[PDB]
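What follows is the content of model.txt, which has compact mmCIF, C-alpha atoms and all ligand atoms:
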# COMPACT_ATOMS: atom_id res chain seq x y z
CA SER A 27 20.95 -21.28 21.91
CA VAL A 28 20.28 -19.80 18.52
CA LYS A 29 17.63 -22.52 17.82
CA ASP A 30 15.85 -21.52 21.04
CA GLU A 31 16.01 -17.91 19.84
CA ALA A 32 14.46 -18.79 16.51
CA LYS A 33 11.42 -20.32 18.25
CA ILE A 34 10.97 -17.28 20.52
CA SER A 35 11.29 -14.96 17.48
CA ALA A 36 8.67 -16.95 15.56
CA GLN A 37 6.27 -16.84 18.58
CA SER A 38 6.85 -13.07 18.82
CA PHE A 39 5.94 -12.59 15.14
CA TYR A 40 2.87 -14.85 15.49
CA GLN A 41 1.63 -12.89 18.50
CA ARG A 42 2.13 -9.61 16.72
CA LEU A 43 0.47 -10.70 13.50
CA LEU A 44 -2.56 -12.11 15.46
CA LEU A 45 -2.77 -8.83 17.35
CA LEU A 46 -2.78 -6.70 14.19
CA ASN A 47 -5.44 -9.01 12.56
CA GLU A 48 -7.59 -8.53 15.68
CA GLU A 49 -6.96 -4.75 15.63
CA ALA A 50 -7.99 -4.52 11.95
CA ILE A 51 -11.25 -6.43 12.60
CA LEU A 52 -12.18 -4.49 15.81
CA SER A 53 -11.18 -0.99 14.53
CA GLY A 54 -12.16 -1.07 10.91
CA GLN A 55 -8.71 0.15 9.98
CA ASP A 56 -6.07 -1.57 7.77
CA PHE A 57 -2.60 -2.61 8.99
CA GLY A 58 0.35 -4.23 7.39
CA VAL A 59 3.76 -5.81 7.98
CA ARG A 60 6.93 -4.71 6.09
CA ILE A 61 9.59 -7.42 6.04
CA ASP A 62 13.21 -6.24 5.37
CA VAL A 63 15.21 -9.42 4.82
CA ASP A 64 18.51 -7.62 4.49
CA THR A 65 18.31 -5.91 7.91
CA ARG A 66 16.23 -8.76 9.50
CA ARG A 67 13.55 -6.25 10.52
CA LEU A 68 9.78 -6.47 10.74
CA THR A 69 7.79 -3.26 10.94
CA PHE A 70 4.10 -3.07 11.90
CA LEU A 71 2.25 -0.35 9.94
CA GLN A 72 -1.15 1.35 9.82
CA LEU A 73 -2.69 2.88 6.71
CA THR A 74 -4.23 6.40 7.20
CA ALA A 75 -5.67 8.53 4.42
CA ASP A 76 -3.73 11.58 5.42
CA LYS A 77 -0.25 10.07 5.90
CA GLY A 78 -0.45 6.74 4.08
CA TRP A 79 1.46 3.81 5.69
CA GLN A 80 3.01 4.80 9.04
CA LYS A 81 4.48 2.86 11.90
CA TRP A 82 1.55 1.97 14.25
CA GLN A 83 2.01 3.90 17.50
CA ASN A 84 0.01 2.07 20.05
CA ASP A 85 -0.21 0.89 23.63
CA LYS A 86 -0.28 -2.89 22.89
CA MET A 87 3.05 -3.69 21.16
CA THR A 88 6.23 -2.19 19.79
CA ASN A 89 5.99 -1.54 16.07
CA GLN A 90 9.46 -2.64 14.86
CA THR A 91 11.45 -5.76 15.78
CA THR A 92 15.00 -6.70 14.59
CA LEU A 93 16.33 -10.24 14.84
CA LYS A 94 19.27 -10.91 17.16
CA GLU A 95 22.64 -11.59 15.56
CA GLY A 96 22.86 -15.16 14.54
CA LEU A 97 19.29 -15.38 13.21
CA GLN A 98 18.07 -14.91 9.62
CA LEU A 99 14.67 -14.41 8.26
CA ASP A 100 13.04 -15.08 4.87
CA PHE A 101 9.61 -15.02 3.33
CA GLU A 102 7.47 -16.33 0.44
CA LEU A 103 4.30 -14.72 -0.95
CA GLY A 104 1.56 -17.10 -1.76
CA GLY A 105 2.99 -19.96 -3.73
CA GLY A 106 6.09 -18.06 -4.76
CA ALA A 107 9.80 -18.37 -4.22
CA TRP A 108 11.81 -17.37 -1.16
CA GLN A 109 12.54 -13.64 -1.39
CA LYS A 110 16.01 -13.35 0.06
CA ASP A 111 18.98 -13.60 -2.37
CA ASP A 112 22.09 -15.70 -1.68
CA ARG A 113 24.45 -12.95 -0.63
CA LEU A 114 25.87 -13.00 2.85
CA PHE A 115 24.99 -9.36 3.02
CA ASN A 116 23.66 -6.55 0.81
CA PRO A 117 26.58 -4.16 0.54
CA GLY A 118 24.17 -1.19 0.52
CA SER A 119 22.11 -2.26 3.57
CA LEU A 120 25.13 -2.29 6.01
CA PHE A 121 25.14 1.55 6.19
CA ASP A 122 22.89 2.90 8.95
CA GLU A 123 23.01 6.33 7.14
CA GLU A 124 21.58 7.29 3.71
CA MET A 125 24.44 7.20 1.09
CA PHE A 126 22.83 8.76 -2.07
CA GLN A 135 7.70 7.77 2.72
CA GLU A 136 7.57 4.76 5.05
CA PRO A 137 7.97 1.86 2.51
CA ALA A 138 4.78 -0.12 1.91
CA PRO A 139 4.11 -3.41 3.63
CA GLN A 140 4.26 -6.64 1.61
CA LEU A 141 1.69 -8.11 4.01
CA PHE A 142 -1.71 -6.51 4.16
CA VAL A 143 -3.79 -7.01 7.26
CA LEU A 144 -7.12 -5.64 6.16
CA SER A 145 -10.26 -4.60 8.12
CA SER A 146 -12.17 -7.43 6.44
CA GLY A 147 -10.02 -9.95 8.32
CA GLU A 148 -8.10 -10.96 5.16
CA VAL A 149 -4.36 -11.30 5.30
CA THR A 150 -1.94 -11.57 2.42
CA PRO A 151 -0.98 -15.28 1.90
CA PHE A 152 2.60 -15.77 2.94
CA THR A 153 5.19 -17.81 4.88
CA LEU A 154 7.82 -16.07 7.10
CA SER A 155 10.57 -18.29 8.44
CA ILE A 156 13.17 -17.58 11.11
CA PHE A 157 16.24 -19.65 11.45
CA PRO A 158 19.84 -19.77 12.52
CA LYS A 159 22.55 -18.24 10.25
CA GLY A 160 24.16 -21.07 8.13
CA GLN A 161 20.83 -22.79 7.43
CA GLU A 162 18.30 -22.63 4.59
CA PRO A 163 14.81 -21.19 5.12
CA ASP A 164 12.86 -24.38 4.33
CA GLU A 165 11.19 -26.40 7.08
CA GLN A 166 12.09 -23.86 9.84
CA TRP A 167 10.07 -22.15 12.59
CA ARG A 168 7.58 -20.27 10.46
CA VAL A 169 4.41 -18.32 10.52
CA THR A 170 2.03 -18.72 7.57
CA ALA A 171 -1.20 -17.08 6.50
CA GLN A 172 -3.82 -17.72 4.03
CA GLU A 173 -6.18 -15.08 2.49
CA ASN A 174 -9.07 -15.70 4.88
CA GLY A 175 -6.93 -14.63 7.87
CA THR A 176 -6.17 -18.16 9.10
CA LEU A 177 -2.77 -18.11 10.53
CA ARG A 178 -0.43 -20.88 11.78
CA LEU A 179 2.79 -21.13 13.75
CA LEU A 180 4.74 -24.19 12.49
CA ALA A 181 7.73 -25.96 13.97
CA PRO A 182 10.73 -27.08 11.94
CA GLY A 183 9.68 -30.00 9.81
CA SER B 27 -12.69 23.75 -27.07
CA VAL B 28 -9.81 22.72 -24.80
CA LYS B 29 -11.24 24.78 -21.92
CA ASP B 30 -14.64 22.96 -22.31
CA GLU B 31 -12.75 19.68 -22.19
CA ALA B 32 -11.09 20.67 -18.94
CA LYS B 33 -14.48 21.20 -17.31
CA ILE B 34 -15.90 17.91 -18.58
CA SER B 35 -12.82 16.10 -17.30
CA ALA B 36 -13.02 17.75 -13.89
CA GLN B 37 -16.72 16.96 -13.64
CA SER B 38 -15.97 13.29 -14.61
CA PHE B 39 -13.20 12.86 -12.10
CA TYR B 40 -15.51 14.27 -9.34
CA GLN B 41 -18.25 11.77 -10.30
CA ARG B 42 -15.75 8.85 -10.32
CA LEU B 43 -14.16 9.86 -7.00
CA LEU B 44 -17.60 10.28 -5.40
CA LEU B 45 -18.56 6.77 -6.52
CA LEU B 46 -15.32 5.35 -5.24
CA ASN B 47 -15.87 6.90 -1.82
CA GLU B 48 -19.49 5.77 -1.76
CA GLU B 49 -18.40 2.20 -2.76
CA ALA B 50 -15.64 2.13 -0.15
CA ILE B 51 -18.17 3.05 2.55
CA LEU B 52 -20.88 0.68 1.38
CA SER B 53 -18.63 -2.29 0.74
CA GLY B 54 -16.03 -2.07 3.52
CA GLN B 55 -13.25 -2.27 0.92
CA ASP B 56 -10.43 0.21 0.28
CA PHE B 57 -9.85 2.03 -2.91
CA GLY B 58 -7.44 4.66 -4.22
CA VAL B 59 -6.50 6.88 -7.15
CA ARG B 60 -3.17 6.95 -8.83
CA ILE B 61 -2.34 10.12 -10.74
CA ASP B 62 0.30 9.96 -13.45
CA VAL B 63 1.10 13.48 -14.36
CA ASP B 64 3.35 12.81 -17.37
CA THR B 65 0.83 10.54 -19.09
CA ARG B 66 -2.22 12.48 -17.99
CA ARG B 67 -3.70 9.27 -16.42
CA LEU B 68 -5.97 8.69 -13.47
CA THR B 69 -6.28 5.05 -12.41
CA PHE B 70 -8.95 3.83 -9.95
CA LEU B 71 -7.59 1.00 -7.81
CA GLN B 72 -8.85 -1.43 -5.20
CA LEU B 73 -6.70 -2.88 -2.31
CA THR B 74 -6.88 -6.63 -1.99
CA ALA B 75 -4.87 -8.75 0.40
CA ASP B 76 -3.90 -11.29 -2.08
CA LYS B 77 -2.85 -9.00 -5.00
CA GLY B 78 -2.30 -5.60 -3.38
CA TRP B 79 -3.44 -2.59 -5.35
CA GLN B 80 -5.06 -3.49 -8.63
CA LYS B 81 -7.31 -1.79 -11.13
CA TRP B 82 -10.92 -1.95 -9.87
CA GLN B 83 -12.65 -4.32 -12.25
CA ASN B 84 -16.32 -3.39 -11.97
CA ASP B 85 -19.41 -3.05 -13.97
CA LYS B 86 -20.31 0.67 -13.26
CA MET B 87 -17.29 2.92 -14.08
CA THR B 88 -14.13 2.79 -16.11
CA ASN B 89 -11.04 2.31 -13.96
CA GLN B 90 -8.51 4.27 -16.08
CA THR B 91 -8.99 7.79 -17.55
CA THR B 92 -6.50 9.31 -19.96
CA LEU B 93 -6.97 13.01 -20.64
CA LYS B 94 -7.05 14.31 -24.25
CA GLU B 95 -3.64 15.62 -25.47
CA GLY B 96 -4.50 19.34 -25.27
CA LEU B 97 -5.02 18.98 -21.50
CA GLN B 98 -2.70 18.91 -18.54
CA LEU B 99 -3.18 17.85 -14.89
CA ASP B 100 -1.43 18.53 -11.60
CA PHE B 101 -2.15 17.78 -7.97
CA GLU B 102 -1.11 18.76 -4.49
CA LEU B 103 -1.46 16.82 -1.31
CA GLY B 104 -2.83 18.60 1.76
CA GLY B 105 -1.00 21.93 2.07
CA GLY B 106 1.89 20.84 -0.12
CA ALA B 107 3.17 22.18 -3.41
CA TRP B 108 2.20 21.13 -6.88
CA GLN B 109 3.70 17.75 -7.70
CA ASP B 122 12.21 -12.06 -21.35
CA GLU B 123 10.95 -15.11 -23.21
CA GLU B 124 9.76 -17.90 -20.89
CA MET B 125 11.02 -21.45 -21.11
CA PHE B 126 7.46 -22.78 -20.90
CA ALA B 127 4.43 -20.86 -22.23
CA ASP B 128 2.50 -21.38 -18.95
CA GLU B 129 5.29 -20.02 -16.59
CA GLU B 136 0.63 -1.97 -9.91
CA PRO B 137 1.94 1.35 -8.63
CA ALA B 138 0.34 2.58 -5.37
CA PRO B 139 -2.18 5.36 -5.30
CA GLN B 140 -1.29 8.77 -3.94
CA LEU B 141 -4.97 9.24 -3.05
CA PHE B 142 -6.41 6.74 -0.50
CA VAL B 143 -10.21 6.27 -0.49
CA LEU B 144 -10.66 4.18 2.60
CA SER B 145 -13.64 2.12 3.84
CA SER B 146 -13.93 4.57 6.85
CA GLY B 147 -15.01 7.27 4.44
CA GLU B 148 -11.79 9.21 4.77
CA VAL B 149 -10.06 10.47 1.61
CA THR B 150 -6.44 11.81 1.26
CA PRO B 151 -6.67 15.63 1.39
CA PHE B 152 -5.73 16.80 -2.09
CA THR B 153 -6.43 19.08 -5.03
CA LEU B 154 -6.31 17.92 -8.68
CA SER B 155 -6.57 20.50 -11.32
CA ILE B 156 -7.21 20.01 -15.01
CA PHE B 157 -6.39 22.72 -17.54
CA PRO B 158 -5.39 23.61 -21.03
CA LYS B 159 -1.90 22.50 -21.84
CA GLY B 160 0.81 24.92 -20.58
CA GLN B 161 -1.26 27.13 -18.22
CA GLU B 162 -0.47 27.44 -14.50
CA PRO B 163 -2.23 24.85 -12.34
CA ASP B 164 -3.59 27.29 -9.83
CA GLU B 165 -7.22 28.41 -9.74
CA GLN B 166 -8.25 25.99 -12.54
CA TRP B 167 -11.09 23.49 -12.85
CA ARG B 168 -10.38 21.36 -9.89
CA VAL B 169 -11.50 18.60 -7.48
CA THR B 170 -10.52 18.86 -3.83
CA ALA B 171 -10.87 16.64 -0.84
CA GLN B 172 -10.56 18.96 2.16
CA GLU B 173 -9.25 18.12 5.69
CA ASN B 174 -12.96 18.38 6.73
CA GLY B 175 -14.02 15.28 4.73
CA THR B 176 -15.85 17.24 2.07
CA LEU B 177 -15.26 16.70 -1.68
CA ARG B 178 -15.71 19.73 -3.95
CA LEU B 179 -15.69 20.52 -7.62
CA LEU B 180 -14.56 24.13 -8.15
CA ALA B 181 -14.58 26.27 -11.35
CA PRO B 182 -11.59 28.38 -12.23
CA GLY B 183 -10.84 31.32 -9.86
CA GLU B 184 -11.25 31.32 -6.04
CA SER B 185 -14.88 30.48 -5.06
CA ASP B 186 -16.97 32.97 -2.99
CL CL C 1 -11.72 10.43 -14.35
NA NA C 2 10.76 -3.80 8.42
NA NA C 3 6.11 5.95 10.28

Write-out of the structure in C-alpha cells:
Amino acid sequence: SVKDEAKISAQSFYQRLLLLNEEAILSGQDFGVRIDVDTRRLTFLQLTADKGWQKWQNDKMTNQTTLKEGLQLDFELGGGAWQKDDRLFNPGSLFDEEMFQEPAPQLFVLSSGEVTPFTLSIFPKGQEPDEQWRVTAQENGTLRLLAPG
Amino acid sequence: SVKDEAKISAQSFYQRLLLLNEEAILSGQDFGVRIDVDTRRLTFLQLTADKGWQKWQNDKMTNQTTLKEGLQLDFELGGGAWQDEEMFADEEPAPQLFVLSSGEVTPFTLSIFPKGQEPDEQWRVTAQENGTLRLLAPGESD
C-alpha cells in the first residue's frame, strides 16, 4: 500500500544520507542533497572546485530518486517551517521541458562529518507532513529514521 | 594613480586568496570567493552546514573588499569567456570560486584595471588547472 511505500522510501533516503555522510568523512570531499518538493525528487551531489555541485557518479548508489505516484515529500530546515506550499501542483513544474548549473543542495554533507539540520518527511498524498515517516539530522551528523508518531 | 591602485588591489586579492587556501588546508573547512562585477566587490565566504555560505568572520583578514570607483574587475572561469515590518520585534549568494579543504581552487582569472579598459592582459590573479596561484603584471608573462 502507499503507507508501506512511504516507509520503504524513508529507509531508502536514510540509507543514502548515511552513505554520503560516510563518503564525506572517508574521502575528505563534501556532498549534498537537493530536495525538489514539487517534483518529489532527491538528488545526491558532490562539490568539486572545477565544476561546482554535480550529481555524484559512483559505484555505490544511484544519485537521483523520484517518489512513486501517490507519495509526497516535504522538509524543514533546522527549527523552521515546512517548505512545500499548499498547491496541489506547481503549474510550472509539470513541464518536463524548459519553457522560458546543477542547483545547489539545501543539505550539506561536509567532510567534517557535519550535516545541515533538517527533517525530511515522506507520506501518502492527502495527508499532512507532520508526524510521518521521516529522516532528521542535527549539525553533528547524528541522523535518525523516525516512524509516524 | 588609478593604474597604481589596480596593482595594489591585485596584490591584495592574491594575498587574501593565498590565506584562504592556506586556511582551508590547515583547518579542513571550505571557503570561497564571490565576485560581484557590477559593484566591484569580492567577498570571502566560509561553508558551514548549519548556515551555508556566509562571510568568513575571522580575526586576520577582512572578508569583503570593494574596489575604488576608478577601477573595474572581470573574471573568467577555466577556459571560458569574460563574465516587511514584523508583528513581534523578536520574530548569502554562492561563490563562483571554491577554495576547498583539499587544496583545490576553481581555475579562474580575475583582472583588475582602470575603469573602461579591456580586461585582457591586465593586473591579474589566476588559479591554473595545475593547482598553482599566480599574480601577473599587465602583458603576457615570459
Ligand atoms: Cl581583496
Ligand atoms: Na532533487
Ligand atoms: Na550534474

| Separation of CA of residue 77 (chain A) and CA of residue 78 (chain B), in Å? |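 Taking CA of residue 77 (chain A) and CA of residue 78 (chain B), their separation equals 18.3 Å.
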
| message | Please find the residues of chain B near chain A - the criterion being any atom within 8 Å, counting only C-alpha atoms - and write them as a PyMOL selection string. | response | chain B and resi 54-55+75-78+104+141-146+148-151

To check your reading of the model: which residues sit at most 6 Å from ligand NA 3 (chain C) when counting only C-alpha atoms and all ligand atoms? Write the answer as a tab-separated table (two decimals) with C-alpha atoms, in the coordinates of the input.
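Once everything was written out, this is pocket-v8.tsv:
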chain	number	residue	atom	x	y	z
A	80	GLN	CA	3.01	4.80	9.04
A	81	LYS	CA	4.48	2.86	11.90
A	136	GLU	CA	7.57	4.76	5.05

| request: To one decimal in Å, tell me the separation between CA of residue 179 (chain A) and CA of residue 167 (chain A). | output: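 The value is 7.4 Å.
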
| query | If you measure from CA of residue 57 (chain B) to CA of residue 70 (chain B), what distance in Å do you get, rounded to one decimal? | reply |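 Computed distance, CA of residue 57 (chain B) to CA of residue 70 (chain B), equals 7.3 Å.
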
| message | Counting only C-alpha atoms and all ligand atoms, what are the residues, protein, DNA or RNA alike, that approach ligand CL 1 (chain C) to within 9 Å? I want them as a list in words. | response |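 Residues satisfying the distance criterion: residues 35, 36, 37, 38, 39, 40, 41, 42, 43, 67, 68, 69, 70, 88, 89, 90, 91, 92 and 93 of chain B.
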
| field | Environment of ligand NA 2 (chain C) within 12 Å, counting only C-alpha atoms and all ligand atoms, reported as a VMD selection string | value | chain A and resid 58 to 71 80 to 81 89 to 93 99 136 to 141

| field | Residue among A:44, A:36, A:180, A:114 lying closest to residue 161 (chain A), counting all atoms listed in the file | value |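 Using all atoms listed in the file, residue 161 (chain A) sits closest to A:114.
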
| request: Find the residue from A:46, A:162, A:107, A:183 that sits nearest to residue 88 (chain A); use all atoms listed in the file when measuring. | output: A:46

| query | Given the choices B:162, B:136, B:95, B:56, which gets closest to residue 31 (chain B) if the distance is worked out from all atoms listed in the file? | reply |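 The closest residue to residue 31 (chain B) is B:95.
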
Complete region 69-95 of chain A with N, CA, C and O atoms (output as a PDB file, in the coordinates of the input).
ATOM      1  N   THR A  69       8.421  -4.520  10.441  1.00  0.00           N
ATOM      2  CA  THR A  69       7.790  -3.260  10.940  1.00  0.00           C
ATOM      3  C   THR A  69       6.272  -3.343  10.779  1.00  0.00           C
ATOM      4  O   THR A  69       5.801  -3.833   9.761  1.00  0.00           O
ATOM      5  N   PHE A  70       5.541  -2.869  11.801  1.00  0.00           N
ATOM      6  CA  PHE A  70       4.100  -3.070  11.900  1.00  0.00           C
ATOM      7  C   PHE A  70       3.457  -1.718  11.647  1.00  0.00           C
ATOM      8  O   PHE A  70       3.704  -0.791  12.384  1.00  0.00           O
ATOM      9  N   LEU A  71       2.741  -1.617  10.536  1.00  0.00           N
ATOM     10  CA  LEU A  71       2.250  -0.350   9.940  1.00  0.00           C
ATOM     11  C   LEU A  71       0.720  -0.252   9.968  1.00  0.00           C
ATOM     12  O   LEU A  71      -0.002  -1.252   9.985  1.00  0.00           O
ATOM     13  N   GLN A  72       0.222   0.995   9.967  1.00  0.00           N
ATOM     14  CA  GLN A  72      -1.150   1.350   9.820  1.00  0.00           C
ATOM     15  C   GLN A  72      -1.321   2.250   8.606  1.00  0.00           C
ATOM     16  O   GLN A  72      -0.501   3.077   8.323  1.00  0.00           O
ATOM     17  N   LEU A  73      -2.392   2.018   7.868  1.00  0.00           N
ATOM     18  CA  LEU A  73      -2.690   2.880   6.710  1.00  0.00           C
ATOM     19  C   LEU A  73      -3.664   4.041   7.166  1.00  0.00           C
ATOM     20  O   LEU A  73      -4.731   3.796   7.830  1.00  0.00           O
ATOM     21  N   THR A  74      -3.320   5.284   6.901  1.00  0.00           N
ATOM     22  CA  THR A  74      -4.230   6.400   7.200  1.00  0.00           C
ATOM     23  C   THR A  74      -4.332   7.162   5.858  1.00  0.00           C
ATOM     24  O   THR A  74      -3.387   7.125   5.027  1.00  0.00           O
ATOM     25  N   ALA A  75      -5.444   7.828   5.665  1.00  0.00           N
ATOM     26  CA  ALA A  75      -5.670   8.530   4.420  1.00  0.00           C
ATOM     27  C   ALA A  75      -4.736   9.738   4.353  1.00  0.00           C
ATOM     28  O   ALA A  75      -4.191  10.053   3.313  1.00  0.00           O
ATOM     29  N   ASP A  76      -4.508  10.391   5.477  1.00  0.00           N
ATOM     30  CA  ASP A  76      -3.730  11.580   5.420  1.00  0.00           C
ATOM     31  C   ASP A  76      -2.247  11.409   5.439  1.00  0.00           C
ATOM     32  O   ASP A  76      -1.582  12.308   5.061  1.00  0.00           O
ATOM     33  N   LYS A  77      -1.694  10.284   5.890  1.00  0.00           N
ATOM     34  CA  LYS A  77      -0.250  10.070   5.900  1.00  0.00           C
ATOM     35  C   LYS A  77       0.214   8.751   5.300  1.00  0.00           C
ATOM     36  O   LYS A  77       1.423   8.476   5.281  1.00  0.00           O
ATOM     37  N   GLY A  78      -0.715   8.002   4.714  1.00  0.00           N
ATOM     38  CA  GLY A  78      -0.450   6.740   4.080  1.00  0.00           C
ATOM     39  C   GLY A  78       0.011   5.713   5.107  1.00  0.00           C
ATOM     40  O   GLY A  78      -0.466   5.789   6.251  1.00  0.00           O
ATOM     41  N   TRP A  79       0.926   4.801   4.717  1.00  0.00           N
ATOM     42  CA  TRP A  79       1.460   3.810   5.690  1.00  0.00           C
ATOM     43  C   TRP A  79       2.419   4.497   6.700  1.00  0.00           C
ATOM     44  O   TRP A  79       3.395   5.185   6.327  1.00  0.00           O
ATOM     45  N   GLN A  80       2.146   4.287   7.981  1.00  0.00           N
ATOM     46  CA  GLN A  80       3.010   4.800   9.040  1.00  0.00           C
ATOM     47  C   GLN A  80       3.235   3.729  10.048  1.00  0.00           C
ATOM     48  O   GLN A  80       2.391   2.845  10.206  1.00  0.00           O
ATOM     49  N   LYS A  81       4.346   3.800  10.789  1.00  0.00           N
ATOM     50  CA  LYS A  81       4.480   2.860  11.900  1.00  0.00           C
ATOM     51  C   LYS A  81       3.297   2.996  12.908  1.00  0.00           C
ATOM     52  O   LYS A  81       2.845   4.115  13.239  1.00  0.00           O
ATOM     53  N   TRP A  82       2.756   1.894  13.371  1.00  0.00           N
ATOM     54  CA  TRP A  82       1.550   1.970  14.250  1.00  0.00           C
ATOM     55  C   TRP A  82       1.989   2.340  15.656  1.00  0.00           C
ATOM     56  O   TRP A  82       2.452   1.459  16.394  1.00  0.00           O
ATOM     57  N   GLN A  83       1.669   3.553  16.092  1.00  0.00           N
ATOM     58  CA  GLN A  83       2.010   3.900  17.500  1.00  0.00           C
ATOM     59  C   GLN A  83       0.844   3.522  18.357  1.00  0.00           C
ATOM     60  O   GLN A  83      -0.296   3.855  18.073  1.00  0.00           O
ATOM     61  N   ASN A  84       1.100   2.672  19.357  1.00  0.00           N
ATOM     62  CA  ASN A  84       0.010   2.070  20.050  1.00  0.00           C
ATOM     63  C   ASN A  84       0.459   1.653  21.420  1.00  0.00           C
ATOM     64  O   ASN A  84       1.672   1.613  21.668  1.00  0.00           O
ATOM     65  N   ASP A  85      -0.492   1.276  22.254  1.00  0.00           N
ATOM     66  CA  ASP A  85      -0.210   0.890  23.630  1.00  0.00           C
ATOM     67  C   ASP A  85      -0.280  -0.602  23.851  1.00  0.00           C
ATOM     68  O   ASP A  85      -0.492  -1.019  24.988  1.00  0.00           O
ATOM     69  N   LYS A  86      -0.166  -1.419  22.804  1.00  0.00           N
ATOM     70  CA  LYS A  86      -0.280  -2.890  22.890  1.00  0.00           C
ATOM     71  C   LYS A  86       1.017  -3.602  22.577  1.00  0.00           C
ATOM     72  O   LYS A  86       1.329  -4.616  23.222  1.00  0.00           O
ATOM     73  N   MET A  87       1.814  -3.043  21.679  1.00  0.00           N
ATOM     74  CA  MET A  87       3.050  -3.690  21.160  1.00  0.00           C
ATOM     75  C   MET A  87       3.996  -2.684  20.528  1.00  0.00           C
ATOM     76  O   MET A  87       3.565  -1.739  19.938  1.00  0.00           O
ATOM     77  N   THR A  88       5.308  -2.929  20.605  1.00  0.00           N
ATOM     78  CA  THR A  88       6.230  -2.190  19.790  1.00  0.00           C
ATOM     79  C   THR A  88       5.957  -2.443  18.318  1.00  0.00           C
ATOM     80  O   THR A  88       5.411  -3.488  17.948  1.00  0.00           O
ATOM     81  N   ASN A  89       6.311  -1.483  17.491  1.00  0.00           N
ATOM     82  CA  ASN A  89       5.990  -1.540  16.070  1.00  0.00           C
ATOM     83  C   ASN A  89       7.179  -1.893  15.132  1.00  0.00           C
ATOM     84  O   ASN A  89       6.996  -1.857  13.962  1.00  0.00           O
ATOM     85  N   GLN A  90       8.356  -2.196  15.659  1.00  0.00           N
ATOM     86  CA  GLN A  90       9.460  -2.640  14.860  1.00  0.00           C
ATOM     87  C   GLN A  90      10.249  -3.643  15.683  1.00  0.00           C
ATOM     88  O   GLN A  90      10.507  -3.398  16.869  1.00  0.00           O
ATOM     89  N   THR A  91      10.569  -4.763  15.091  1.00  0.00           N
ATOM     90  CA  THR A  91      11.450  -5.760  15.780  1.00  0.00           C
ATOM     91  C   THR A  91      12.637  -6.090  14.853  1.00  0.00           C
ATOM     92  O   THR A  91      12.495  -6.083  13.643  1.00  0.00           O
ATOM     93  N   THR A  92      13.830  -6.360  15.404  1.00  0.00           N
ATOM     94  CA  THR A  92      15.000  -6.700  14.590  1.00  0.00           C
ATOM     95  C   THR A  92      15.543  -8.005  15.205  1.00  0.00           C
ATOM     96  O   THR A  92      15.653  -8.165  16.447  1.00  0.00           O
ATOM     97  N   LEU A  93      15.773  -8.983  14.358  1.00  0.00           N
ATOM     98  CA  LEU A  93      16.330 -10.240  14.840  1.00  0.00           C
ATOM     99  C   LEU A  93      17.742 -10.045  15.482  1.00  0.00           C
ATOM    100  O   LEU A  93      18.526  -9.264  14.986  1.00  0.00           O
ATOM    101  N   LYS A  94      17.974 -10.819  16.526  1.00  0.00           N
ATOM    102  CA  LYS A  94      19.270 -10.910  17.160  1.00  0.00           C
ATOM    103  C   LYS A  94      20.271 -11.499  16.197  1.00  0.00           C
ATOM    104  O   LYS A  94      19.941 -12.292  15.289  1.00  0.00           O
ATOM    105  N   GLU A  95      21.537 -11.135  16.431  1.00  0.00           N
ATOM    106  CA  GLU A  95      22.640 -11.590  15.560  1.00  0.00           C
ATOM    107  C   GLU A  95      22.664 -13.078  15.717  1.00  0.00           C
ATOM    108  O   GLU A  95      22.466 -13.641  16.820  1.00  0.00           O
TER     109      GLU A  95
END
